[PDB]
Amino acid sequence: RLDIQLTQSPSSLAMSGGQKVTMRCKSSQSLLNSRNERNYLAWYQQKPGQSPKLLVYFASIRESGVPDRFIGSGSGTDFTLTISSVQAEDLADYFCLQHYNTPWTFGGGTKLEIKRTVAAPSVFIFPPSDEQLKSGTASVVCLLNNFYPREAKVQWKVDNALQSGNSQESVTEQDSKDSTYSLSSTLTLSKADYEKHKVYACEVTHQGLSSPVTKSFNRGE
Amino acid sequence: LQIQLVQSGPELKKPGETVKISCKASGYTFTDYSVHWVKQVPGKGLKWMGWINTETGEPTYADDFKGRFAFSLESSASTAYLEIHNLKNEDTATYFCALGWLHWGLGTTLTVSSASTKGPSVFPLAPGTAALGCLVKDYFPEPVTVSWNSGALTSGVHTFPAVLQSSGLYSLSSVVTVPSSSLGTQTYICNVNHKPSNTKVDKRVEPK
Ligand SMILES: [Cl-]
């Protein structure tokens, strides 16, 4: 009975399609059983929204129905998962598991994504509908479409006043075809507030934009 | 006959309540393998909860799972249970029973919330490419499904992961990009399905 730390690195990873990917899992205690010469370490893949899937067990043995581009290696305290040629479907979180001592422990995971060329988002702003306004609320939606990489800043301005605490963001998983992301920001205001001001704008800052882009609308056009 | 673990269905509970989840096993001698339990919290890692010996019936818990958690058995039914007492929002997670690192169940989803079941309201996001969409607001619990034009329109469609509002209700939008030249000729309908409330909405989204 012994607390074992597993440390996985790096924490997140972006490789170009077809290239090699390497990720590490180091244990605070040797996972090598001298009795049978097996390392009690397993790797799992977990895709966005799915249950975990065993990739290799006892450190190096590939599980059936696992593509041979996946290779587990290492011994004792140092283990490596290699993906020889990364594919779009490999978008996932990768966890190592030690089952040498109780309690069993997972590492913190490595997030893998595909790197592609930089792509500026397409920005769209959507005013509240008349139908929603009838119920005393007004949601303003800003859409950032098909961009890479993931990092982006969105800020709302009502009458050129910067907004804070009233919007929420959501981001799609990496597209399996063009390897991009999309993002929504939703600004929420009472019908009251919404009638008060005239100018609604969202300002988008992204590495693919030579300068921050802005879409905006005036209430009642 | 391959090993099979059948886990009970999605669970919706309120704070303070109790939930008992089942794991039904076949394809092997039940008392040959111990049953492990694993908690997966959404957008976070995996936590091993402990295990139960299927011969002895003795449960062993991981430190973070002592007190409110109990493993148990009905051996004559080759079944294992996880019971959680005095539920908290943070018990919200998927739970997997497993025969160690090797054979896992599909998992059981648990949502703990004081919110009550509610169907969404569907609002239009009116639009050489144009964007348009549907705002699917104030529903509970997850999930909702969205399609466009009965499923015939898939390319260019983004349905965003839902966000949890302060009200405790979820909200999401679904968007699609289409040729601007088509706004006058092609009708766009988003089909929204929220099964928990038995709510099915078709919403025409037109330019204004
Ligand atoms: Cl046993």
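So basically every Cβ, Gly included, is an ideal-geometry build from the backbone, and we count neighbours across all protein chains shown. Quick note: the coordinates plus some simple rules give every number you see, no bench work behind them.
Take the Cβ-Cβ distance between A:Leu133 and B:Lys195 as r, set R0 to 45 Å, and report the resulting FRET efficiency rounded to the nearest 0.05. Could you put the intermediate results ahead of the total?
Working: r = 28 Å, r/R0 = 0.63.
The pair A:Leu133/B:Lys195 has a calculated efficiency of 0.95.
Please report, in debye to the nearest 20, how large the charge dipole of the protein assembly as shown is about its Cα centre when each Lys and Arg carries +1 at its beta carbon and each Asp and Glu carries -1 there.
Dipole magnitude for the protein assembly as shown comes out near 420 debye.
Between B:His85 and A:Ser190, take the C-beta separation as r, use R0 = 41 Å, and let me know the FRET efficiency to the nearest 0.05.
Step by step, r from the Cβ atoms, then E = 0.55.
For B:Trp51, B:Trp101, what's the fewest-to-most ordering of other Cβ within 10 Å of each Cβ?
Taking fewest neighbouring Cβ atoms as first place, the list is B:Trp101, B:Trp51.
Using the 10 angstrom Cβ neighbour count as an exposure proxy, how do B:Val6, A:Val66, A:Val21, B:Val38 rank, fewest first?
B:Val6, A:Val66, A:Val21, B:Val38
Can you check what the net charge comes to around A:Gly74, using other residues whose Cβ is under 12 Å from the Cβ of A:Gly74 (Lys, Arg +1; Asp, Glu -1)?
Surrounding charge for A:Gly74 is +1.
Using alpha carbon centroids, what distance separates region B:137-208 and region A:120-156, in Å?
14 Å
Using label points projected 7 Å from each Cα along Cα→Cβ, tell me how many nm separate B:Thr117 and B:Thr56, to one decimal.
Inter-label distance under the simple model: 4.3 nm.
As a test of the formula, what do you get for the protein assembly as shown when each DSSP H run with n ≥ 4 contributes -39,500 (n - 2.57) and the sum is divided by the residue count, at 222 nm and rounded to the nearest 500 deg cm²/dmol?
Estimated from H runs of four or more residues: -500 deg cm²/dmol.
Just rank B:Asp64, A:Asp159, fewest to most, by other beta-carbon atoms within 10 angstrom.
A:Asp159, B:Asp64
Measure off 7 Å from each Cα along the Cα-to-Cβ vector at A:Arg69 and A:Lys20, then give the distance between these two points in nanometres to one decimal.
Rounded to a tenth, the inter-label distance reads 1.5 nm.
Treat each spin label as a single point 7 Å out from the Cα along the C-beta direction, and report the A:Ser211 to B:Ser181 distance in nm.
For A:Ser211 paired with B:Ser181, the spin-label model returns 3.3 nm.
Give, as a single signed number, the net charge of other residues whose beta carbon lies under 15 Å from the beta carbon of A:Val199, with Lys and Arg counted +1 and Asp and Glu -1.
Result for the local shell: 0.
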